[PDB]
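Chemist: Structure incoming, see below.
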There are 2 protein chains.
Amino acid sequence: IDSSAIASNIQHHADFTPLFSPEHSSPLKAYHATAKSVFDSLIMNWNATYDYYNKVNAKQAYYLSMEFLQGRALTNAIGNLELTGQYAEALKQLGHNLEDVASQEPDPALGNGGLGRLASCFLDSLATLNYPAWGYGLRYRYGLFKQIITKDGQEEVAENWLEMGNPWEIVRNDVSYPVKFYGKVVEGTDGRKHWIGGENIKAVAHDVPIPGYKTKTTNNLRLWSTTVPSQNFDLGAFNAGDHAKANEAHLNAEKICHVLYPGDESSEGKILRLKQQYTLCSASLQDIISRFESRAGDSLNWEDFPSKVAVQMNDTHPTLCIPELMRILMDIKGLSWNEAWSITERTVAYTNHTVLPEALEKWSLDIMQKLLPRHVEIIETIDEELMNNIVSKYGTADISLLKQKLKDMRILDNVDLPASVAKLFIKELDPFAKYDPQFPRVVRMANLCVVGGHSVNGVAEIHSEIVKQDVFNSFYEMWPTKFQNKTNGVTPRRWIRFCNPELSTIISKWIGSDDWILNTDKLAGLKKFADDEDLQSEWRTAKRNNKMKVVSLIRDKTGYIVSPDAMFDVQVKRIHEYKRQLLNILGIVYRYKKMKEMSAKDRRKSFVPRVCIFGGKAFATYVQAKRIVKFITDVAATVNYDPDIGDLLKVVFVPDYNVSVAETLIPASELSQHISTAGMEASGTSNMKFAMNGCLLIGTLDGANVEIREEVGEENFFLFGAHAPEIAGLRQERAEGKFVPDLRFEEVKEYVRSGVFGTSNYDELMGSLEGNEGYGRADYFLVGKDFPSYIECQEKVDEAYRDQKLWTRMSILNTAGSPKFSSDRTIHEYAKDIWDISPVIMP
Amino acid sequence: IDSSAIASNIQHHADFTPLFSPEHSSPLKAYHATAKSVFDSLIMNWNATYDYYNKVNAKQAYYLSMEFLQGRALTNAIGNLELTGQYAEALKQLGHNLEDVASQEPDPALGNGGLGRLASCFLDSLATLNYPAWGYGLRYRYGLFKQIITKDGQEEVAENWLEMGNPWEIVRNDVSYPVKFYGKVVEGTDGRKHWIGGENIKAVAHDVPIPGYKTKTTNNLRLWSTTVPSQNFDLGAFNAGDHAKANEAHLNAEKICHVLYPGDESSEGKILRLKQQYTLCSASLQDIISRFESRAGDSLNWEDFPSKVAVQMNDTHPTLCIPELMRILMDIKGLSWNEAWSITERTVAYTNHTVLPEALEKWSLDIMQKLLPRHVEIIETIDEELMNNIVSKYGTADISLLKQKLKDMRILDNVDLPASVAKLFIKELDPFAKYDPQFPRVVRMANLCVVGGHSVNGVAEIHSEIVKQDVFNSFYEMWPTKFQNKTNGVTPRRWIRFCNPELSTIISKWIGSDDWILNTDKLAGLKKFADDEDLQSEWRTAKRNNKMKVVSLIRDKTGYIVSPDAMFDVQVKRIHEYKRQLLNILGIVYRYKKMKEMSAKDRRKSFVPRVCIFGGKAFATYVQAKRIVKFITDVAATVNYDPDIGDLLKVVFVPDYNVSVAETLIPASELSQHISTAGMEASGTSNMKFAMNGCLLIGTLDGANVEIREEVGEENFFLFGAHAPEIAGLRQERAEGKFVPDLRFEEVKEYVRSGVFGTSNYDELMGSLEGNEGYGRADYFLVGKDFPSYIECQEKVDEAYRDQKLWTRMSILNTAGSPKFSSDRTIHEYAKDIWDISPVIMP
Ligand SMILES: C[C@H]1O[C@H](O[C@H]2[C@H](O)[C@@H](O)[C@@H](O[C@H]3[C@H](O)[C@@H](O)[C@@H](O)O[C@@H]3CO)O[C@@H]2CO)[C@H](O)[C@@H](O)[C@@H]1N[C@H]1C=C(CO)[C@@H](O)[C@H](O)[C@H]1O
Ligand SMILES: C[C@H]1O[C@H](O[C@H]2[C@H](O)[C@@H](O)[C@@H](O[C@H]3[C@H](O)[C@@H](O)[C@@H](O)O[C@@H]3CO)O[C@@H]2CO)[C@H](O)[C@@H](O)[C@@H]1N[C@H]1C=C(CO)[C@@H](O)[C@H](O)[C@H]1O
Ligand SMILES: *Cc1c(COP(=O)(O)O)cnc(C)c1O
Ligand SMILES: *Cc1c(COP(=O)(O)O)cnc(C)c1O
Ligand SMILES: OC[C@H]1O[C@H](O)[C@H](O)[C@@H](O)[C@@H]1O
Ligand SMILES: OC[C@H]1O[C@H](O)[C@H](O)[C@@H](O)[C@@H]1O
């Protein structure tokens with residue numbers, strides 16, 4: 001397969017699967033054609049993988065998530081096929097430039113943050129390692145939002161990634177499943193339950209092939225798009241004039257796939273958010289059930305189901321899988337409860353990504369009882385069993401103990417106990433065993449996940465322990481063997497090899513192969529070359545060359561002009577008080593103030609030149625987070641155009657941060673910040689990406705930083721701030737008026753309140769770092785406390801950067817210490833210790 | 001190009017431009033693949049035709065219509081490419097059957113009745129004869145409606161023809177034009193008018209290639225699909241919960257293409273109906289303007305516009321082209337009024353399809369003034385000129401004369417006259433020259449078409465004369481050279497060659513070539529063979545063989561079982577009191593009654609066995625038309641299951657009549673009915689289709705029947721009923737109580753009122769044939785008057801059918817007399833006498 005033939009197939013797709021006029025000439029047009037030419041390879045390989053999986057009928061794993069941050073497919077598809085050189089030349093022939101063409105591809109708006117990017121990285125590694133595994137998701141039209149930066153801060157625009165269609169998917173019109181909303185349950189002649197009536201939609205399959213690296217294995221991401229058949233369009237309504245009414249039925253179905261994480265401060269938003277989940281679970285399980293059946297054929301035994309199927313619920317969003325699977329087995333296939341439940345408990349597993357026990361999904365029983373009444377019946381039964389198992393394992397004898405065990409583990413909170421358990425609380429019945437209308441009737445989804453899965457895991461050593469000790473303690477006591485750890489990882493193909501080709505050449509030279517891309521353990525061979533002068537020279541050149549593409553990005557996106565000969569200091573993550581963008585910007589503001597009260601000779605002596613880059617999206621409704629992006633932009637306007645500063649310091653907020661932005665930013669980064677309040681982050685995947693590219697980390701002892709620090713070495717990581725255990729106490733200390741801040745912290749607050757950063761003044765923002773008690777005040781995320789520790793830790797970063805021998809030594813040790821954080825070994829662990837699947841290699 | 005290669009390309013499209021799972025196996029799946037394989041040929045040819053038209057820059061013709069009844073594309077594409085034999089074999093290889101595959105294609109819901117089917121036939125003939133010509137239309141999603149027959153009569157279901165996408169179109173993403181609604185006009189610095197504000201949508205192009213027969217020429221049907229850019233989606237509205245509000249902007253744009261002829265008894269339906277038209281006109285003219293400019297390049301002279309462009313407004317729906325063209329020339333290109341108007345008058349032309357002067361499109365000025373204010377300004381100016389030209393040509397001297405000329409020709413009725421004309425009516429001003437609020441302010445679109453076009457034509461000799469004498473008399477007096485005739489035609493490739501292959505073989509044998517398909521004049525060589533016994537034998541066999549496919553259709557669609565050894569008597573057209581389905585069914589009911597009051601020996605002696613087939617759609621809101629389909633179905637239920645009748649008589653209502661149904665029905669038809677009240681039909685295209693297939697016509701002296709009768713011979717056409725001139729008098733005779741019906745007509749009415757046809761009784765329906773005066777009563781369409789003439793004319797049809805020598809003799813003379821009714825010569829006439837275009841043959 002040479003470049004001359006690819007050039008023909010690109011031309012062919014431009015003209016014979018066309019989207020534009022023939023005489024029209026666009027980089028974009030070249031993209032859709034090039035996309036389709038690569039896609040031909042994925043189809044061949046996808047069909048081969050599909051067909052051979054059916055033959056072998058091995059256990060298949062299924063990863064359900066509400067997010068898939070897929071990113072641009074072109075550069076990684078071509079890379080994994082190893083046609084990256086020849087496609088480039090094929091495009092020269094046609095008067096195009098691969099890099100330039102690739103940058104016309106829009107980012108699929110199928111995800112948002114870590115949850116989704118993990119999932120996507122997991123799909124790459126599953127394919128690359130020949131594991132039989134699909135992802136199931138939903139096909140979002142507008143996604144979360146396209147972020148634009150005005151002079152008012154952030155604004156939100158709905159995404160346009162499907163406007164011309166997605167070349168990377170295949171519609172499967174034969175694959176349509178019915179999904180039902182509302183309705184009621186009745187008991188038919190045959191003793192069996194039947195869910196009738198309500199509202200009915202159809203989920204249709206849109207497949208996105210996932211090609212593996214140096215393998216024919218091409219796995220799949222099956223994406224549901226909701227609709228209703230044209231016949232549900234009401235002509236009477238339309239011809240009468242009421243055009244919205246005529247379209248109402250279609251809107252109801254279609255809106256399930258409109259927006260990611262739709263705002264739920266309205267009963268109609270909660271119902272939609274809930275329909276999104278049930279749709280994903282139901283459609284996906286119906287499809288999985290169908291595959292099991294067609295493969296098993298005549299010799300069909302449902303006891304084989306969990307040895308042929310593994311479902312993985314990513315976070316609590318897919319919880320409904322549990323009762324839904326029970327629904328189909330009993331109501332549709334005619335299994336008994338115990339036979340169905342045994343299969344369910346062994347099929348399903350749960351991964352938790354939160355460290356806080358009050359960030360776990362809860363739903364009003366009333367809302368759920370209305371929308372999915374059959375599922376509540378089933379949940380009710382599950383909760384009754386759960387409680388009879390707690391009864392067996394503890395009490396009658398000690399009741400107040402039993403009382404505590406039952407609160408912790410119940411799925412339905414503030415509900416009348418079943419007559420069985422209720423007995424044990426008579427005096428008549430204790431207040432505890434009755435519904436109290438003063439509070440809502442709530443369904444706790446995390447608890448239902450733990451009850452329903454055979455395995456529960458966290459995403460970092462520290463976090464998986466918090467999960468056992470704080471979050472699900474009484475459950476761990478009951479079922480200790482459930483609980484596991486699976487530290488996250490990221491694919492080295494997207495996050496080193498293809499986003500950082502310059503570094504990748506350097507790596508393969510000195511290690512003596514490019515095999516590290518696949519077997520990333522062989523990066524450790526770099527430890528010994530850390531001090532070698534020549535390596536250091538190539539390594540600094542590369543970093544510098546990668547920074548020049550960011551100069552183009554900043555120039556292009558913001559308008560600001562920045563020099564690549566500064567430290568590229570990057571904080572890039574969702575805007576939140578707890579992630580503490582505010583801590584970083586206030587630290588920059590401190591250095592700015594010092595520069596201004598210092599002679600132009602001394603400014604150079606005291607501070608290394610920096611380009612401090614922020615990025616990320618603020619939840620639209622989050623007032624304070626949006627004020628924070630506003631504030632940062634204002635600092636940039638003031639700092640960047642100040643004659644006294646020049647190129648000594650620039651502050652930039654890159655808009656619309658996404659996979660494509662990260663791909664340019666990350667390889668160019670020298671310092672990255674991961675400074676969340678200690679014990680608030682569960683893992684963090686960007687941490688791992690940065691280190692792989694030789695970027696140094698400044699951060700707290702929190703999440704993935706803790707293990708990253710172990711692997712790369714404590715000497716090569718800038719640590720600061722309060723540790724997780726110290727936190728609760730520092731806050732209680734604050735509440736009783738005992739916290740007195742550093743004078744330098746009050747200095748900055750007053751210097752911000754001075755009005756130096758525009759007409760905004762921000763007395764309100766600084767007000768969130770003051771007082772001793774109250775929502776949104778009282779410095780809950782310890783910005784003032786960690787401040788002195790932090791700015792002093794930044795002085796150590798300056799002083800290390802002064803010795804580019806030391807800096808680059810540490811840079812190389814970070815790449816050399818990254819092997820542990822490859823999603824490849826994360827997948828192995830999942831495959832071996834949870835799903836119990838094996839790889840399937842086609843001959 | 002042999003069948004072995006086509007079989008590969010079909011397989012290729014199934015697997016490499018897929019719509020289904022790979023293991024899935026469907027006739028439907030085979031269709032989408034086969035469609036795409038043929039399409040490869042159309043693309044090649046379309047691009048060649050497109051490119052060569054640009055080189056030659058000849059005058060191009062443009063046919064605007066709100067309807068295109070395209071029909072299934074597969075059988076006609078393959079036919080026109082002459083790959084019809086090899087595609088059939090290519091499909092045998094893959095385990096499929098072309099006929100069976102073809103029948104999986106859905107009918108595009110892009111039209112409805114004659115207006116649209118004419119347009120489509122016109123596009124075939126334009127391509128076949130190498131004329132440079134496009135069609136411009138709109139891309140309807142749900143169309144008019146899918147008709148289903150229940151036991152309640154007709155019901156309407158929205159169509160599903162786009163549910164899996166149209167394989168026969170190409171989206172042209174670079175071709176998008178902005179269209180504006182509401183807004184206001186202001187005069188900018190540069191003396192020029194500027195239309196600002198309002199609502200803005202975009203029309204995107206979806207091209208449908210039109211391949212010609214035995215030519216590479218592939219012309220185009222450009223179809224506009226309305227939308228707005230994703231950014232107009234309101235996330236704030238969506239996240240707040242108001243999901244319809246968030247989607248409102250998209251609904252407004254998208255609904256313009258939802259339904260054909262949306263119900264307009266509501267101000268919101270009228271506004272939509274009006275937006276549909278403006279969108280079609282604006283988008284299309286902007287595109288035409290763009291093509292003229294790019295071709296002309298540097299040497300650009302707008303005086304050349306009408307020698308390089310011809311627009312044809314089909315009916316009054318595209319009238320807005322006139323002021324829209326004026327808008328762009330003056331406001332956008334900077335032409336003066338006279339320079340713009342001269343170009344407009346010579347570019348545009350109008351075809352009229354109505355015989356009634358009160359069936360001509362009128363719009364409220366207020367509604368138009370709100371939606372398109374700039375166009376009303378322009379119309380106002382046009383009407384003022386028009387009136388100053390009437391002033392020149394008539395009056396001041398005779399004023400009451402002038403008064404009459406001004407009523408007849410005004411575009412804006414019930415509006416204050418311009419100060420110029422108003423002068424002439426002082427006493428102060430005459431009531432006539434003032435707005436009278438007692439009546440609406442109306443814009444008469446037909447008059448604006450006549451003022452704005454260089455040519456005005458009817459669609460039949462008789463009708464084109466009515467147009468000159470009754471409808472536009474004062475205009476004919478003023479501009480006699482405007483007025484023309486262009487008798488309709490239908491393509492012989494779709495309506496003989498491809499729908500009736502059995503007859504087509506017979507034709508080519510005896511004429512000694514298949515060249516008649518193209519040069520249809522050579523059907524006249526059949527006159528001499530009309531009596532030859534052998535021809536007659538093959539000819540009757542064919543007709544009989546074609547009737548057996550209708551037996552399958554009836555069995556399949558209705559459930560009824562019918563014998564092909566009866567007379568296939570077909571009335572197939574839109575359900576309307578004026579088309580008089582009621583006259584036909586009451587005539588059948590008369591024969592049924594006679595059969596029942598007659599011995600089983602005599603039933604055979606008196607009547608020939610028949611299968612009487614009805615078809616067509618009733619306007620949903622038309623109460624009486626819907627009662628008529630109901631009544632017919634009830635007669636069928638009673639007649640078809642009556643032991644006394646057996647196979648002597650069957651009545652069938654075939655549901656969902658469309659192009660595909662006509663293609664099976666027409667070639668099987670022996671008698672077809674065209675019995676509209678005399679002088680109510682302008683032409684009729686199905687008339688011409690039937691005769692071409694050797695079907696005999698029973699009809700009134702009305703529309704296309706008059707010329708069909710001339711061509712095939714009066715001896716070979718069953719004529720009955722009152723002539724057009726007699727009508728007005730018969731109605732006035734009715735109003736003054738002088739009409740006394742035939743006793744046999746009162747007999748049937750009472751026999752229907754008897755309750756013999758179910759629990760419905762229909763006293764209401766028969767009530768519409770009674771009284772002397774009043775809306776919906778008084779037998780306005782002369783059913784009772786023409787009845788005796790009609791049933792006696794059916795006795796003559798029976799007696800002719802008895803002698804199958806005579807019947808088949810006349811059948812052959814009908815085919816032999818059809819040459820005049822080929823759309824080919826219709827097109828030549830349009831090309832030569834109106835558009836002034838020439839054919840363009842690529843070397
Ligand atoms: C989810 C939420 O977490 C954080 O909220 C915490 C408050 O900051 C604390 O003050 C504390 O609340 C305590 C009361 O102040 C105290 O008087 C007593 O009644 O106990 C309360 C215990 O809750 O604890 C809160 C939660 O643990 C954080 O401040 C806040 O930003 C977080 N919510 C944001 C997230 C979203 C969604 O992305 C937005 O919708 C919210 O508006 C944001 O505020
Ligand atoms: C368009 C309409 O045409 C026909 O209507 C005619 C009436 O049948 C006549 O009675 C006559 O109306 C006259 C009054 O009865 C008389 O008292 C005097 O005031 O003069 C009147 C003059 O109009 O003339 C009418 C029009 O020339 C026909 O009966 C009717 O079916 C036709 N409309 C149908 C079409 C559609 C759209 O497809 C439906 O919306 C209507 O409901 C149908 O009725
Ligand atoms: C990797 C990645 C993230 C996750 O970063 P965290 O440190 O987990 O916040 C978010 N967004 C994008 C675009 C990414 O590539
Ligand atoms: C030709 C045709 C018509 C037009 O028939 P009229 O005699 O003009 O009513 C209507 N519908 C279909 C499907 C046709 O093919
Ligand atoms: O922000 C911390 C992130 O850590 C990891 O990426 C988790 O997988 C994700 O759920 C979480 O959001
Ligand atoms: O029904 C009579 C028909 O005659 C012809 O087909 C005309 O083109 C069409 O406008 C009209 O509807």
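By convention here, the chains of the structure tokens are called A, B, ... in the order presented, each chain's residues are numbered starting at 1, and ligands are numbered starting at 1 in the order presented.
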With only C-alpha atoms considered, list every residue of chain A at most 6 Å from chain B, as an mmCIF file with N, CA, C and O atoms, in the first residue's frame.
Modeler:
```cif
data_model
loop_
_atom_site.group_PDB
_atom_site.id
_atom_site.type_symbol
_atom_site.label_atom_id
_atom_site.label_comp_id
_atom_site.auth_asym_id
_atom_site.auth_seq_id
_atom_site.Cartn_x
_atom_site.Cartn_y
_atom_site.Cartn_z
ATOM 1 N N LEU A 19 -19.488 15.847 -0.858
ATOM 2 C CA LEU A 19 -20.249 16.729 0.048
ATOM 3 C C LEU A 19 -20.293 18.183 -0.428
ATOM 4 O O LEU A 19 -20.900 19.030 0.225
ATOM 5 N N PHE A 20 -19.632 18.473 -1.544
ATOM 6 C CA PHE A 20 -19.477 19.833 -2.043
ATOM 7 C C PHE A 20 -19.614 19.842 -3.559
ATOM 8 O O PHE A 20 -19.654 18.788 -4.185
ATOM 9 N N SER A 21 -19.656 21.035 -4.147
ATOM 10 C CA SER A 21 -19.612 21.170 -5.601
ATOM 11 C C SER A 21 -18.270 20.620 -6.092
ATOM 12 O O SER A 21 -17.314 20.555 -5.323
ATOM 13 N N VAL A 157 -21.742 28.615 23.480
ATOM 14 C CA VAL A 157 -22.335 28.469 22.153
ATOM 15 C C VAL A 157 -22.478 26.973 21.902
ATOM 16 O O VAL A 157 -21.548 26.225 22.179
ATOM 17 N N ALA A 158 -23.623 26.532 21.389
ATOM 18 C CA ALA A 158 -23.826 25.103 21.087
ATOM 19 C C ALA A 158 -22.927 24.664 19.928
ATOM 20 O O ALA A 158 -22.718 25.424 18.991
ATOM 21 N N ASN A 160 -21.101 22.648 16.696
ATOM 22 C CA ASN A 160 -21.531 22.386 15.318
ATOM 23 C C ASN A 160 -20.870 21.168 14.660
ATOM 24 O O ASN A 160 -20.825 21.078 13.434
ATOM 25 N N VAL A 171 -23.915 4.399 10.216
ATOM 26 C CA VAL A 171 -25.272 4.255 10.746
ATOM 27 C C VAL A 171 -25.642 2.790 10.537
ATOM 28 O O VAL A 171 -25.378 2.252 9.456
ATOM 29 N N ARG A 172 -26.195 2.132 11.561
ATOM 30 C CA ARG A 172 -26.647 0.746 11.403
ATOM 31 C C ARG A 172 -28.160 0.714 11.502
ATOM 32 O O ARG A 172 -28.729 0.546 12.595
ATOM 33 N N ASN A 173 -28.810 0.866 10.354
ATOM 34 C CA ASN A 173 -30.272 0.981 10.309
ATOM 35 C C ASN A 173 -31.019 -0.267 10.774
ATOM 36 O O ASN A 173 -32.135 -0.152 11.257
ATOM 37 N N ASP A 174 -30.419 -1.446 10.636
ATOM 38 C CA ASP A 174 -31.034 -2.672 11.173
ATOM 39 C C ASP A 174 -30.953 -2.741 12.695
ATOM 40 O O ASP A 174 -31.695 -3.485 13.329
ATOM 41 N N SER A 230 -41.326 8.629 11.545
ATOM 42 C CA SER A 230 -41.991 9.772 10.920
ATOM 43 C C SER A 230 -43.495 9.809 11.155
ATOM 44 O O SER A 230 -44.054 10.889 11.284
ATOM 45 N N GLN A 231 -44.140 8.648 11.228
ATOM 46 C CA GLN A 231 -45.585 8.580 11.444
ATOM 47 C C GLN A 231 -46.091 9.278 12.712
ATOM 48 O O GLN A 231 -47.256 9.662 12.777
ATOM 49 N N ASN A 239 -51.120 21.232 9.942
ATOM 50 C CA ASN A 239 -51.959 21.944 8.972
ATOM 51 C C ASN A 239 -52.885 22.973 9.613
ATOM 52 O O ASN A 239 -53.256 23.977 8.980
ATOM 53 N N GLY A 241 -51.872 24.777 11.985
ATOM 54 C CA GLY A 241 -50.977 25.916 12.157
ATOM 55 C C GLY A 241 -49.979 25.706 13.279
ATOM 56 O O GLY A 241 -48.928 26.343 13.302
ATOM 57 N N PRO A 262 -27.484 17.967 30.717
ATOM 58 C CA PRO A 262 -28.434 19.073 30.670
ATOM 59 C C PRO A 262 -28.754 19.589 32.061
ATOM 60 O O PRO A 262 -28.832 18.804 33.000
ATOM 61 N N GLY A 263 -28.907 20.905 32.172
ATOM 62 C CA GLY A 263 -29.185 21.554 33.439
ATOM 63 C C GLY A 263 -30.413 20.956 34.076
ATOM 64 O O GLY A 263 -31.445 20.813 33.422
ATOM 65 N N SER A 266 -34.473 21.966 37.262
ATOM 66 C CA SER A 266 -35.873 22.019 36.879
ATOM 67 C C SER A 266 -36.360 20.579 36.785
ATOM 68 O O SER A 266 -35.609 19.689 36.369
ATOM 69 N N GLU A 268 -38.198 19.186 34.757
ATOM 70 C CA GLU A 268 -38.117 18.707 33.376
ATOM 71 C C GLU A 268 -36.668 18.400 32.963
ATOM 72 O O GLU A 268 -36.444 17.546 32.106
ATOM 73 N N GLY A 269 -35.698 19.065 33.586
ATOM 74 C CA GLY A 269 -34.291 18.795 33.328
ATOM 75 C C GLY A 269 -33.808 17.531 34.015
ATOM 76 O O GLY A 269 -32.940 16.820 33.501
#
```
Chemist: Can you pull out the residues contacting residue A:439? Cut-off 10 Å, using only C-alpha atoms, and skip same-chain residues under 4 positions away; I want them as number ranges by chain.
Modeler: A: 413-414, 435
Chemist: Could you list, as a PyMOL selection string, all protein and nucleic acid residues with an atom at most 9 Å from ligand 5, counting only C-alpha atoms and all ligand atoms?
Modeler: chain A and resi 113-119+314-315+352-354+458-460+488-489+573-574+579+680-686+703-704
Chemist: Would you write out those residues with C-alpha atoms, as an mmCIF file, in the first residue's frame?
Modeler:
```cif
data_model
loop_
_atom_site.group_PDB
_atom_site.id
_atom_site.type_symbol
_atom_site.label_atom_id
_atom_site.label_comp_id
_atom_site.auth_asym_id
_atom_site.auth_seq_id
_atom_site.Cartn_x
_atom_site.Cartn_y
_atom_site.Cartn_z
ATOM 1 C CA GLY A 113 -13.696 16.033 31.183
ATOM 2 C CA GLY A 114 -11.572 13.224 32.612
ATOM 3 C CA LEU A 115 -14.412 10.685 32.834
ATOM 4 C CA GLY A 116 -14.762 10.723 29.071
ATOM 5 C CA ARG A 117 -11.117 10.995 28.092
ATOM 6 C CA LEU A 118 -10.294 8.047 30.339
ATOM 7 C CA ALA A 119 -12.992 6.071 28.571
ATOM 8 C CA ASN A 314 -18.422 4.182 34.636
ATOM 9 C CA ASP A 315 -19.525 6.343 37.596
ATOM 10 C CA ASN A 352 -16.179 5.297 41.249
ATOM 11 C CA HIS A 353 -14.434 8.641 40.453
ATOM 12 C CA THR A 354 -15.458 10.786 43.450
ATOM 13 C CA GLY A 458 -11.316 3.566 42.700
ATOM 14 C CA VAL A 459 -8.881 5.234 40.305
ATOM 15 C CA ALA A 460 -5.805 5.894 42.506
ATOM 16 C CA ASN A 488 -5.783 5.468 35.753
ATOM 17 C CA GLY A 489 -3.621 5.742 32.685
ATOM 18 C CA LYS A 573 -8.589 22.084 33.664
ATOM 19 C CA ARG A 574 -12.260 22.745 34.469
ATOM 20 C CA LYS A 579 -9.274 23.218 41.511
ATOM 21 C CA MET A 680 -10.448 16.593 46.582
ATOM 22 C CA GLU A 681 -9.107 15.062 43.351
ATOM 23 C CA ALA A 682 -9.545 11.289 42.879
ATOM 24 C CA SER A 683 -6.926 10.866 40.106
ATOM 25 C CA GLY A 684 -6.320 13.243 37.186
ATOM 26 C CA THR A 685 -5.278 12.080 33.720
ATOM 27 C CA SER A 686 -3.705 15.312 32.400
ATOM 28 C CA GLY A 703 -4.816 12.179 43.513
ATOM 29 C CA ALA A 704 -2.511 11.046 40.736
#
```
Chemist: For a test of reading the model, state the distance in Å between atom CA of residue B:659 and atom CA of residue B:110, rounded to one decimal.
Modeler: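 It comes out at 11.4 Å.
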Chemist: Of the candidates A:800, A:661, A:561, A:518, which one gets nearest to residue A:647 if we count only C-alpha atoms?
Modeler: A:561
Chemist: Would you mind reading off the distance between atom CA of residue B:769 and atom CA of residue B:611, one decimal, in Å?
Modeler: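 Those two atoms sit 26.3 Å apart.
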Chemist: Between atom CA of residue A:411 and atom CA of residue A:334, what distance in Å does the model show, to one decimal?
Modeler: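 Straight-line distance from atom CA of residue A:411 to atom CA of residue A:334 works out to 25.8 Å.
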Chemist: Quick one: residues within 10 Å of stretch 147-154 of chain B, only C-alpha atoms counted, chain neighbours fewer than 4 positions away excluded, as number ranges by chain?
Modeler: B: 158-159, 557-558, 616-620, 625-634, 637, 653-658
Chemist: Using only C-alpha atoms and all ligand atoms, find each residue with an atom at most 8 Å away from ligand 1 and format the answer as a list in words.
Modeler: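 The distance check yields residues 358, 359, 576, 577, 578, 619, 621, 622, 623, 624, 773, 774, 775, 776, 777, 778 and 780 of chain A.
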Chemist: Please, which residues of stretch 501-581 of chain A, numbered as in this document, come out alpha helix (DSSP H) from DSSP, as an MDAnalysis selection string?
Modeler: chainID A and resid 501:511 533:558 581
Chemist: Please provide as a PyMOL selection string all residues within 12 Å of residue A:220, with the sequence filter that same-chain residues fewer than 4 positions apart are discarded (counting only C-alpha atoms).
Modeler: chain A and resi 42-43+45-47+49-50+60-63+120+122-124+126-127+131-137+168-170+205-212
Chemist: Using only C-alpha atoms, which residues sit within 12 Å of residue A:338 once same-chain residues fewer than 4 positions away are excluded, as a ChimeraX atom specification?
Modeler: /A:303,326,329-330,334,342-345,381-382,385
Chemist: Compile the contact shell of residue A:213 as a PyMOL selection string: residues with an atom at most 8 Å away, counting only C-alpha atoms, same-chain residues fewer than 4 positions apart removed.
Modeler: chain A and resi 79-81+127-128+493+518
Chemist: Which polymer residues have any atom within 10 Å of an atom of residue A:310, counting only C-alpha atoms, with same-chain residues fewer than 3 positions away left out, as number ranges by chain?
Modeler: A: 59-63, 133, 288, 305-307, 313, 344, 346-349, 831, 834-837
Chemist: Go through B:729, B:480, B:357, B:492 one by one, measure the shortest atom-to-atom distance of each to ligand 2 using only C-alpha atoms and all ligand atoms, and give the residue with the smallest value.
Modeler: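 Residue with the minimum atom-to-atom distance to ligand 2: B:357.
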